[PDB]
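**Student:** Below: the sequence, then the experimentally determined structure.
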Amino acid sequence: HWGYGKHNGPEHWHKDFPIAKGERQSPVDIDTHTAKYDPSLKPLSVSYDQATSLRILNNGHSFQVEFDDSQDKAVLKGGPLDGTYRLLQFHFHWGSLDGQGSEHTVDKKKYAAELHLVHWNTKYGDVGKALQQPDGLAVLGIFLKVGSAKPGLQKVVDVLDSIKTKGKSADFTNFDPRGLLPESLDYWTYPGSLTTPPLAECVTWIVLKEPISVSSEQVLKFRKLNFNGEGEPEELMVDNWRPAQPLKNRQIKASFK
Ligand SMILES: NS(=O)(=O)c1cc(C(=O)NCCO)c(SC2CCCCC2)cc1Cl
Ligand SMILES: [Zn+2]
(Lines give C-alpha, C1' and ligand atoms only; values in the text may rest on other atoms or scores of the structure.)
(Ligands and ions follow the chains in the order given, each with its own letter.)
Protein backbone atom coordinates (compact mmCIF):
# COMPACT_ATOMS: atom_id res chain seq x y z
CA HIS A 1 0.00 0.00 0.00
CA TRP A 2 3.06 2.30 0.36
CA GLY A 3 4.23 4.49 -2.49
CA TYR A 4 5.30 8.02 -3.30
CA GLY A 5 1.94 9.88 -3.46
CA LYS A 6 0.39 12.39 -1.03
CA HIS A 7 -1.72 9.58 0.43
CA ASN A 8 0.89 6.83 0.74
CA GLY A 9 4.30 8.49 0.50
CA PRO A 10 7.29 8.93 2.80
CA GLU A 11 5.51 10.87 5.54
CA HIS A 12 3.04 7.96 5.95
CA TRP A 13 5.51 5.06 5.97
CA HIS A 14 6.17 5.15 9.73
CA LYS A 15 2.66 3.84 10.44
CA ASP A 16 3.41 0.48 8.77
CA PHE A 17 7.16 0.60 9.30
CA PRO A 18 7.93 2.33 12.61
CA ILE A 19 11.72 2.05 12.03
CA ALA A 20 11.10 4.92 9.64
CA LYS A 21 11.85 7.09 12.68
CA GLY A 22 14.88 5.01 13.71
CA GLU A 23 18.43 5.87 14.54
CA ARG A 24 20.13 5.05 11.21
CA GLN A 25 17.69 5.91 8.44
CA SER A 26 18.61 6.79 4.86
CA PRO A 27 19.04 8.85 2.80
CA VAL A 28 20.84 11.77 4.42
CA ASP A 29 22.27 15.10 3.36
CA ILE A 30 26.05 14.82 2.94
CA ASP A 31 27.53 17.96 4.41
CA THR A 32 30.86 17.96 2.61
CA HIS A 33 32.55 20.35 5.12
CA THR A 34 31.56 18.05 8.05
CA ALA A 35 32.43 14.67 6.52
CA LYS A 36 35.82 13.68 7.83
CA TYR A 37 38.51 12.30 5.59
CA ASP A 38 39.44 8.84 6.87
CA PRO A 39 42.96 7.88 5.69
CA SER A 40 42.31 4.34 6.91
CA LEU A 41 39.46 3.72 4.40
CA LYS A 42 40.54 1.46 1.58
CA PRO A 43 39.86 1.97 -2.20
CA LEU A 44 36.54 0.42 -3.24
CA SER A 45 36.99 -2.87 -5.14
CA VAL A 46 34.22 -3.09 -7.72
CA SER A 47 34.63 -6.46 -9.55
CA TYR A 48 31.87 -6.60 -12.20
CA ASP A 49 33.86 -8.37 -15.01
CA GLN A 50 31.82 -11.62 -14.55
CA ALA A 51 28.41 -9.94 -13.99
CA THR A 52 25.43 -11.95 -15.30
CA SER A 53 22.41 -9.73 -15.71
CA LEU A 54 19.22 -11.72 -16.13
CA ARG A 55 16.11 -9.56 -16.22
CA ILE A 56 14.61 -6.07 -15.90
CA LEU A 57 11.47 -5.55 -13.88
CA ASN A 58 9.00 -2.70 -13.22
CA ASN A 59 8.30 -3.35 -9.54
CA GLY A 60 5.73 -0.54 -9.25
CA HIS A 61 8.13 1.76 -7.31
CA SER A 62 11.18 1.75 -9.59
CA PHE A 63 12.60 -0.48 -12.27
CA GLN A 64 15.34 -2.95 -11.36
CA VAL A 65 17.97 -4.86 -13.34
CA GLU A 66 18.59 -8.19 -11.62
CA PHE A 67 21.75 -10.31 -11.58
CA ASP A 68 22.67 -13.91 -10.89
CA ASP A 69 23.87 -13.75 -7.25
CA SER A 70 24.09 -17.53 -6.73
CA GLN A 71 27.96 -17.34 -7.07
CA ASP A 72 30.55 -14.58 -6.59
CA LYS A 73 30.38 -13.04 -10.09
CA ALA A 74 29.76 -9.34 -9.51
CA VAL A 75 31.09 -8.33 -6.09
CA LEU A 76 31.89 -5.29 -4.06
CA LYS A 77 34.78 -5.45 -1.57
CA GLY A 78 37.15 -3.10 0.21
CA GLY A 79 36.32 0.49 1.03
CA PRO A 80 34.63 0.42 4.45
CA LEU A 81 33.47 -3.19 4.03
CA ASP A 82 34.65 -6.39 5.68
CA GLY A 83 34.17 -9.39 3.41
CA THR A 84 32.39 -9.91 0.12
CA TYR A 85 29.13 -8.41 -1.10
CA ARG A 86 27.33 -9.86 -4.15
CA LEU A 87 25.45 -7.65 -6.60
CA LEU A 88 21.70 -8.44 -6.48
CA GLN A 89 20.20 -5.69 -8.58
CA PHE A 90 20.35 -2.03 -9.46
CA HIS A 91 17.52 0.47 -9.64
CA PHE A 92 17.04 4.26 -9.82
CA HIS A 93 15.20 7.11 -8.13
CA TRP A 94 14.27 10.12 -10.26
CA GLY A 95 12.27 13.33 -10.28
CA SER A 96 9.56 14.99 -12.29
CA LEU A 97 12.01 17.90 -12.89
CA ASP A 98 15.79 17.86 -13.33
CA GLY A 99 16.28 19.70 -10.00
CA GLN A 100 15.03 16.81 -7.93
CA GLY A 101 15.10 13.05 -7.88
CA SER A 102 18.12 12.02 -5.82
CA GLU A 103 17.65 10.60 -2.31
CA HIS A 104 21.06 11.60 -0.93
CA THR A 105 21.87 15.30 -1.26
CA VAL A 106 25.28 17.00 -1.23
CA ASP A 107 25.33 20.30 0.66
CA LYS A 108 21.54 20.25 0.13
CA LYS A 109 21.97 19.91 -3.66
CA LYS A 110 19.54 17.55 -5.27
CA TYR A 111 20.55 15.64 -8.39
CA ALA A 112 18.16 14.61 -11.21
CA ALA A 113 18.40 10.95 -10.23
CA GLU A 114 20.30 8.40 -8.17
CA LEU A 115 21.45 4.91 -9.11
CA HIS A 116 21.60 2.25 -6.38
CA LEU A 117 23.63 -0.94 -6.92
CA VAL A 118 22.37 -3.25 -4.12
CA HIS A 119 24.74 -5.89 -2.74
CA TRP A 120 24.46 -8.41 0.13
CA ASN A 121 27.07 -9.81 2.47
CA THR A 122 27.84 -13.40 1.54
CA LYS A 123 28.51 -14.45 5.13
CA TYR A 124 24.75 -14.32 5.68
CA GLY A 125 24.10 -16.74 2.85
CA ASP A 126 20.97 -15.04 1.35
CA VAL A 127 19.60 -11.54 1.08
CA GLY A 128 16.64 -12.17 3.39
CA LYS A 129 19.00 -13.13 6.20
CA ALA A 130 21.29 -10.23 5.31
CA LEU A 131 18.34 -7.80 5.73
CA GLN A 132 18.28 -8.73 9.43
CA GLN A 133 21.90 -7.75 10.08
CA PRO A 134 23.52 -4.32 10.67
CA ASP A 135 26.18 -5.08 8.07
CA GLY A 136 23.96 -7.15 5.75
CA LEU A 137 23.82 -4.94 2.63
CA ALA A 138 26.04 -2.46 0.88
CA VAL A 139 24.63 0.01 -1.62
CA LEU A 140 26.80 1.82 -4.10
CA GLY A 141 25.01 5.10 -4.82
CA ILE A 142 25.77 7.19 -7.88
CA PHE A 143 24.28 10.58 -8.69
CA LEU A 144 22.93 11.42 -12.14
CA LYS A 145 23.04 14.94 -13.58
CA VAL A 146 21.54 15.97 -16.91
CA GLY A 147 23.99 16.88 -19.66
CA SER A 148 25.72 14.53 -22.12
CA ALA A 149 24.25 11.05 -22.61
CA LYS A 150 25.62 8.03 -20.76
CA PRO A 151 26.22 5.48 -23.57
CA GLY A 152 26.23 2.57 -21.10
CA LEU A 153 22.73 3.52 -19.93
CA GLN A 154 21.09 3.44 -23.38
CA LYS A 155 20.44 -0.34 -23.42
CA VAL A 156 18.43 0.13 -20.19
CA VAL A 157 16.44 3.17 -21.42
CA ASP A 158 15.65 1.43 -24.76
CA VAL A 159 13.90 -1.54 -23.06
CA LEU A 160 11.72 0.59 -20.70
CA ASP A 161 8.74 0.77 -23.09
CA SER A 162 8.53 -3.07 -22.77
CA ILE A 163 8.16 -2.80 -18.93
CA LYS A 164 5.98 0.34 -18.86
CA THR A 165 3.63 -0.92 -16.12
CA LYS A 166 3.93 -2.51 -12.65
CA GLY A 167 4.71 -6.25 -12.73
CA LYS A 168 6.07 -6.28 -16.31
CA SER A 169 9.53 -7.87 -16.78
CA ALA A 170 11.77 -8.46 -19.83
CA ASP A 171 14.78 -10.72 -20.36
CA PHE A 172 17.83 -8.45 -19.90
CA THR A 173 21.00 -10.52 -20.40
CA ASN A 174 24.60 -9.38 -21.16
CA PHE A 175 24.19 -5.95 -19.55
CA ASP A 176 27.53 -4.68 -18.20
CA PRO A 177 27.01 -2.45 -15.09
CA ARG A 178 30.61 -1.11 -15.47
CA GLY A 179 29.12 1.22 -18.14
CA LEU A 180 27.14 3.07 -15.38
CA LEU A 181 30.19 4.03 -13.25
CA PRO A 182 31.98 7.43 -13.20
CA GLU A 183 35.79 7.59 -13.65
CA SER A 184 36.52 8.19 -9.94
CA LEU A 185 35.63 5.77 -7.11
CA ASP A 186 36.13 8.51 -4.45
CA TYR A 187 33.25 8.11 -2.00
CA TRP A 188 31.48 9.06 1.24
CA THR A 189 30.30 6.27 3.56
CA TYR A 190 27.94 6.01 6.56
CA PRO A 191 25.76 3.34 8.28
CA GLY A 192 22.14 3.60 7.12
CA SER A 193 19.03 1.78 5.92
CA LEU A 194 16.92 0.82 2.93
CA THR A 195 15.31 4.06 1.61
CA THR A 196 12.19 2.01 0.66
CA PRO A 197 9.99 -0.02 3.09
CA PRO A 198 10.76 -2.15 5.03
CA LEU A 199 13.42 0.59 5.78
CA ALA A 200 15.58 -2.12 7.43
CA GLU A 201 18.71 -0.69 9.13
CA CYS A 202 21.13 -3.10 7.44
CA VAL A 203 22.97 -0.97 4.85
CA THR A 204 26.53 0.35 4.63
CA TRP A 205 26.09 3.27 2.20
CA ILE A 206 28.90 4.07 -0.26
CA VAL A 207 28.01 7.23 -2.22
CA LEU A 208 30.35 8.21 -5.07
CA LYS A 209 31.44 11.87 -5.12
CA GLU A 210 31.52 12.02 -8.95
CA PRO A 211 28.10 12.05 -10.67
CA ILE A 212 27.50 10.44 -14.08
CA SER A 213 26.00 12.61 -16.86
CA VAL A 214 22.84 11.30 -18.60
CA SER A 215 20.98 13.12 -21.39
CA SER A 216 17.61 14.86 -21.02
CA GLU A 217 16.19 12.22 -23.45
CA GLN A 218 17.43 9.34 -21.22
CA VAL A 219 15.76 10.77 -18.05
CA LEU A 220 12.59 11.59 -20.06
CA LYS A 221 12.29 7.83 -20.82
CA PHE A 222 12.47 7.08 -17.05
CA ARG A 223 9.56 9.56 -16.56
CA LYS A 224 7.37 7.70 -19.13
CA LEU A 225 7.26 4.62 -16.84
CA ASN A 226 4.09 4.02 -14.82
CA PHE A 227 3.57 3.25 -11.10
CA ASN A 228 0.25 1.57 -12.08
CA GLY A 229 -0.32 -1.85 -13.66
CA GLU A 230 -1.51 -2.52 -17.23
CA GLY A 231 -5.13 -1.65 -17.77
CA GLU A 232 -5.25 0.72 -14.76
CA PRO A 233 -5.30 4.56 -14.91
CA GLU A 234 -1.95 6.06 -15.80
CA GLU A 235 0.23 7.50 -13.00
CA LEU A 236 3.67 8.44 -14.29
CA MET A 237 6.53 6.97 -12.29
CA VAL A 238 8.22 10.22 -11.17
CA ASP A 239 9.41 11.54 -7.79
CA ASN A 240 10.08 8.06 -6.45
CA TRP A 241 12.60 9.35 -3.86
CA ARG A 242 12.53 9.57 -0.06
CA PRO A 243 13.81 12.93 1.30
CA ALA A 244 16.86 13.25 3.54
CA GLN A 245 16.40 11.89 7.08
CA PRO A 246 18.00 13.03 10.38
CA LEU A 247 21.69 12.15 10.65
CA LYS A 248 21.37 11.61 14.43
CA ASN A 249 24.44 9.97 16.03
CA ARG A 250 26.28 9.25 12.74
CA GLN A 251 29.53 10.37 11.13
CA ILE A 252 29.90 10.49 7.32
CA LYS A 253 33.43 9.60 6.31
CA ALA A 254 35.21 10.59 3.10
CA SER A 255 37.70 8.36 1.23
CA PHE A 256 39.41 11.46 -0.25
CA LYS A 257 40.89 14.76 1.06
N1 LIG B 1 16.76 2.40 -2.25
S2 LIG B 1 17.72 1.14 -1.55
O3 LIG B 1 18.01 1.53 -0.10
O4 LIG B 1 19.09 1.16 -2.23
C5 LIG B 1 17.06 -0.50 -1.75
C6 LIG B 1 15.92 -0.64 -2.53
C7 LIG B 1 15.39 -1.89 -2.78
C8 LIG B 1 14.17 -1.97 -3.63
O9 LIG B 1 14.21 -2.50 -4.72
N10 LIG B 1 13.02 -1.43 -3.16
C11 LIG B 1 11.79 -1.47 -3.92
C12 LIG B 1 10.72 -2.12 -3.08
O13 LIG B 1 11.08 -3.44 -2.82
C14 LIG B 1 16.00 -3.03 -2.22
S15 LIG B 1 15.31 -4.65 -2.56
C16 LIG B 1 15.22 -5.41 -0.93
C17 LIG B 1 15.51 -6.89 -1.13
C18 LIG B 1 15.20 -7.70 0.13
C19 LIG B 1 13.76 -7.46 0.57
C20 LIG B 1 13.56 -5.98 0.87
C21 LIG B 1 13.82 -5.16 -0.39
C22 LIG B 1 17.14 -2.90 -1.44
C23 LIG B 1 17.68 -1.63 -1.21
CL24 LIG B 1 19.11 -1.50 -0.22
ZN1 LIG C 1 17.23 2.86 -3.99
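**Tutor:** Arrived safely, thanks for sending. Residues are numbered from 1 along each chain as shown. Ligands and ions are numbered 1, 2, ... in the order given.

**Student:** Next, the buried residues of the longest helix along the chain.
**Tutor:** For the chain, the helix reaching the highest residue count under DSSP state H is reported as helix 216-223. Buried residues in helix 216-223, defined by neighbour count with 16 or more other C-beta atoms under 10 Å: 218-219, 221-223. All C-beta spots, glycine's among them, are computed from the backbone N, C-alpha and C.

**Student:** which other residues reach that helix?
**Tutor:** If you take C-beta atoms under 8 Å, 6 or more residues apart in numbering as the criterion, helix 216-223 is touched by 92, 94, 96, 98, 101, 112-113, 144, 146, 149-150, 153-154, 157, 160-161, 236-238.

**Student:** Ok, stretch 244-253 next?
**Tutor:** Residues from elsewhere that reach stretch 244-253, judged by C-beta under 8 Å, 6+ apart: 23-31, 34-38, 41, 80, 103-105, 188-192.

**Student:** Quick check on those residues: which are buried?
**Tutor:** Buried among the contacts of stretch 244-253 (16+ other C-beta under 10 Å): 24-30, 35, 38, 41, 80, 103-105, 188-192.

**Student:** Spit out the contact partners of residue 4.
**Tutor:** Listed by C-beta under 8 Å, 6+ apart, the contact set of residue 4 reads 10, 61, 227, 239-241.

**Student:** Where does it sit: helix, strand or coil?
**Tutor:** The local conformation at residue 4, judged by DSSP: H, G, I helix; E, B strand; the rest coil, is coil.

**Student:** ok, it to ligand 1 distance?
**Tutor:** Computed as C-beta to the nearest ligand atom, to the nearest Å, the residue 4 to ligand 1 distance reads 11 Å.

**Student:** which residues touch the closest residue to residue 177 other than its chain neighbours?
**Tutor:** Closest residue in space to residue 177, ignoring its immediate chain neighbours: residue 48 at 5.2 Å, by C-beta to C-beta, 6 or more residues apart in numbering. Neighbouring residues of residue 48 by C-beta under 8 Å, 6+ apart: 74, 87, 176-178.

**Student:** 6 Å - rerun?
**Tutor:** Going by C-beta atoms under 6 Å, 6 or more residues apart in numbering, residue 48 touches 74, 177-178.

**Student:** Scan these and report the most crowded one.
**Tutor:** When neighbours are taken as other C-beta atoms under 10 Å, the top entry among these is residue 74 (25 neighbours).

**Student:** Please tell me how far that residue sits from residue 241.
**Tutor:** Residue 74 sits at a distance of 25 Å from residue 241 (criterion: C-beta to C-beta, to the nearest Å).

**Student:** Residue 227 now?
**Tutor:** When distance is defined by C-beta to C-beta, residue 227 is 13 Å away from residue 241.

**Student:** more crowded one of the two?
**Tutor:** Taking other C-beta under 10 Å, residue 227 and residue 241 do not tie; residue 241 has more neighbours (26 against 21).
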